[PDB]
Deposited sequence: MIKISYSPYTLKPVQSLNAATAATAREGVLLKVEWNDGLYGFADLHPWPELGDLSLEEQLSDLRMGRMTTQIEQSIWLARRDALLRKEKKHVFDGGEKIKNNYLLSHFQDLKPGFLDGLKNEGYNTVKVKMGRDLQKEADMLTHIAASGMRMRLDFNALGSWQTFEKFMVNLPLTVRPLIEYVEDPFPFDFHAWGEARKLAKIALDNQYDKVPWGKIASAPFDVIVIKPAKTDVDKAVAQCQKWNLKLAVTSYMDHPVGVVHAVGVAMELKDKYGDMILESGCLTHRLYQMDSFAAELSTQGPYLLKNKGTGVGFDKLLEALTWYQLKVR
């Protein structure tokens, strides 16, 4: 059985649904389904429409996989955080905010070590921002969302201040995937595979033309990504999907489990994104300590009372 409860999130609007899944063994769990058509996903309406037709998107498959984890935990009355190792999240910096002097010091004192920055609009401006971050001694993650090009990327990197270069943990999707271009880009900085993941022919590559695999539990087959990481001796970073609090707790839960199991193979995550939306009933139950998402009350991903209080509509 699959049932849903719709919701809308307002950026500081987006539509998604929470899912309640029930199995034969009498277990039931919860998960989130939050499509990002802007990133290439089928819309919420289309994914659910397709589901009725019998086809399940990989994103829905992940929602089910997550709901199962939640189900087993609620059964044994444990929280997804239990058994896992705490992990720090990076701070996402939006260039639509005037970096007040001393702010970086504000983040660092509270525990933050890394800042993720969207790159692409203005390289000059962005370069100046990276210099400020480097000046504070913090590490950084550059995300080009595959908009750049091999040439522009090279010129950009080579000309960055000597203080910046060492503090760039990695560059996500520098430009559209190309085996040779990515392989050569590695000479300038560690390269991370995020939105270009589906472009890699895993059963054909002779080696991995990247250093990090970004795993988003909401969309990525976790076991397969971990397998690839171990096969090629890479590192992995777990992120949320700018989704619902339920999706966020699920993501952190996965990250903490991986950190406990694989230690140094797991880098800091990027799941602290619930603050990107205006408070809803669920977000109200979440608390943070700097780069850490604290354990919320309840079992599974928590929100026991809130989830139990919802009217769930039969889906499939």
> Could you list, start to end, the deposited-sequence stretches with no C-alpha atoms?
Replying inline: 1-2, 15-24, 329-330
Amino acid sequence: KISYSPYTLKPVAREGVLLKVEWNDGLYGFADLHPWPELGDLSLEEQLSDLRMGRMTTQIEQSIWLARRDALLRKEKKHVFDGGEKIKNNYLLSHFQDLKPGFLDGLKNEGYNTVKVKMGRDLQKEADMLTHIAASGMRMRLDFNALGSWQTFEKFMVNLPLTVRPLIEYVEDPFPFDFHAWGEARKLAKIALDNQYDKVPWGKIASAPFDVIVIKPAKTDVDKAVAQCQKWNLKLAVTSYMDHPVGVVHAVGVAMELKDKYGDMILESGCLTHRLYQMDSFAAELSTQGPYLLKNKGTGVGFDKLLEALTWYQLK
From here on, numbers count along this sequence of modelled residues.
>> On mean Cα temperature factor in this entry, is 232-240 or 201-209 the higher one?
In response: 201-209
> With respect to the recorded C-alpha B factors, which stretch has the higher mean value, 297-305 or 20-28?
Replying inline: 20-28
> Taking the values straight from the PDB record, which of 173, 221, 128, 184 has the highest C-alpha temperature factor?
Replying inline: 128
> Highest CA temperature factor in the entry: which of 250, 68, 259, 55?
Replying inline: 55
>> By the recorded C-alpha temperature factor, relative to the other modelled residues in its chain, which third is residue 43 in?
In response: middle
> Taking the C-alpha B-factors as the PDB entry records them, is residue 108 in the lowest, middle or highest third of its chain?
Replying inline: highest
> For residue 167, does the deposited CA B-factor place it in the lowest, middle or highest third of the chain?
Replying inline: lowest
> Of the three thirds of its chain by CA temperature factor, lowest, middle or highest, which one includes residue 245?
Replying inline: lowest
> How does residue 118 rank on Cα B-factor within its chain, lowest, middle or highest third?
Replying inline: highest
